[PDB]
Amino acid sequence: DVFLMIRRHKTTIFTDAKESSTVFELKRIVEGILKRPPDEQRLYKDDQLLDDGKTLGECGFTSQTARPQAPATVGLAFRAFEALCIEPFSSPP
Amino acid sequence: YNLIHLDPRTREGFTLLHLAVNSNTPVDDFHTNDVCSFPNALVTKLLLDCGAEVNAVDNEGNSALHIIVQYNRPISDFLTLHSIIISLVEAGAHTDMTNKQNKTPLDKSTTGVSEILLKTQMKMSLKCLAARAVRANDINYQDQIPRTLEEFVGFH
Amino acid sequence: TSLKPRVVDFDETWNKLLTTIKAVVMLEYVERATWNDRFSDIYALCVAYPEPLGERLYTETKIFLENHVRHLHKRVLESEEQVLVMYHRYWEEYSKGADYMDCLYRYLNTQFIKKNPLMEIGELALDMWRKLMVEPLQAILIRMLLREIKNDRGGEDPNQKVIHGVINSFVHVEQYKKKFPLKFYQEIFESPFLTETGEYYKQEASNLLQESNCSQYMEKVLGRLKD
Amino acid sequence: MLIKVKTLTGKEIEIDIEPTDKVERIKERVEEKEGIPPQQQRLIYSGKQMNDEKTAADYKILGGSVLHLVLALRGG
Amino acid sequence: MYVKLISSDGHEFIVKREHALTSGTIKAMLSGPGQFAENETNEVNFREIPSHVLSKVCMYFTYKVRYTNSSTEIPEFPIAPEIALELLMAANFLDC
């Protein structure tokens, strides 16, 4: 129901999910494509933290904002807790 | 094929396809109008299997797709409006190409049946959206974009 | 950088594109980064300012493919006894070579070839394989294709893969002709093999008319049909 | 109410749907006789295509009429 | 599977393969030499196209996968007028 981009630092994984689906599904999905244990990354919304229990559609990631033509930027930071390091895109002309 | 490659164009810019998809093309009353009916989907089909330039522009900038959606008889002969449109957009008739007066063929619908047929046959492409966004804001593109892309910008 | 058209000289970039496309049509090893940069090269040369030189690149690809298929022809002619084992070895490495060259030249086939009479590279590489590797080397191919299948008919079990590759190298070459896609195979291998089969079964039936009576003739003809 | 919707060759489709029947499944019954699956017969209600429930009173609640349908595939 | 897209200056992207094959020169870059025995990343190195335009074309991949042959209103793709010119060049290079 929602479309989000998992933007960790350099990479930005584009994925679809559901309102009823939870954070654990997100972490399971990003495990097989980034090879990171779930406790080594903490997700975000702007700067607000999230946990592994609340649903994806709960913490402001609704179908009216995580639409695919402008997905909601969910931030990630990986453990070696490190800060949420996200660098912006290139300069538009 | 020979005639098409000799590019037959009337004074209005109409090619063979433009007249073959136009109901306004006069058909001879002397023993002929009872047989030859315009627009006809068969002739258009036979004009696309022979390789007519389907994205041709007339004096008004209308393509064959612009002309066919101007048809005002979607009930009397629906198939001759349907079986031609699928015949028109099958060789690369750019559904979003825009005439000289800045009218998309969706804009020149004048018919719910024709516009819904175009919408069903329309396939989206980021090329089309990006070109439309470029022209809707009038960014200078000449001598900055590919040479083949200037014509595509002029299409939208 | 970027996708903006730039004045690029054709010489060293075309040589550096040859460095990869020669290995592509031989099914050799090319790096993924190299193969993904040749796409950018082909795009840059396809819209290069101030003259879009896709025509020069198209003609140079014509020249390279013609020379390469003629080299394959001269090499296959040397192995006169085993040309089938050499033709099919140089066709499995050129059919996929033609397909990969078509993939590499994807932007050319949708900007300069189909939009301006001209043949797309996946159709040109195959059309350079019948015009320069099958049409001139036709009788040698066909007569011994019939000879190998006749040896299979009598008692032998020749290389099924080689024959089944050379034979479909007549329907595969004409895969890009929308009108009569089998026409080359319908006049290079269909009719000659049909007439040779007719002669061979005529003499086979004549031989089995006198060898056995009408009872065993039924079982023998049924077995020969099943075979 | 039986329908007389035209087709790609001047045929007929029997919707057998009353004016209060929604066109969400009314087109399915019409296409059941013709053969098309429910979510593929993009019928045109003399100027527009029915969407979602689309109770037949929207299309003038006509009896029988002639609804030229589109053969739009991949809509399932 | 999931495919991987380099940008001009870092800015890694990862899009589902069925989503990134809607373009034209990804289906060609992914049909090249090599059997792709790994089948997990098969990264493509877009050396020339910048990062923001690559993000927008990935968003377009998701958009076109979601809204293909739909009976809805097909909500408009938002194009920044600054990114409009470069995205046009990308959608020229990235066929469709």
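Determined by electron microscopy, 3.5 Å, according to the entry header.
Quick reminder: no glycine exception, Cβ is built from N, Cα and C everywhere.
Here's what Swiss-Prot has on this protein:
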type: SITE; residues: D:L8; note: site 'Interaction with UBE1C'
type: MOD_RES; residues: D:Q40; note: (Microbial infection) Deamidated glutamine
type: SITE; residues: D:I44; note: site 'Interaction with UBE1C'
type: MOD_RES; residues: D:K48; note: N6-acetyllysine
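Locations of recorded Swiss-Prot features on the structure.
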residue	record	CB count, 10 Å
D:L8	site 'Interaction with UBE1C'	14
D:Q40	(Microbial infection) Deamidated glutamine	18
D:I44	site 'Interaction with UBE1C'	23
D:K48	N6-acetyllysine	15
Near-B candidates in D:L8, D:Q40, D:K48, the recorded positions, by Cβ under 8 Å:
D:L8, D:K48
Could you say whether, by DSSP, the residue listed as 'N6-acetyllysine' belongs to a helix, a strand or a coil region?
coil
Residue pair D:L8 (site 'Interaction with UBE1C'), D:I44 (site 'Interaction with UBE1C') - Cα distance, angstrom, rounded:
13
What's the CA-CA gap between the residue listed as '(Microbial infection) Deamidated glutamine' and D:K48 (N6-acetyllysine) in angstrom, rounded?
15
Please state whether DSSP places D:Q40 ((Microbial infection) Deamidated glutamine) in a helix, a strand or coil.
helix
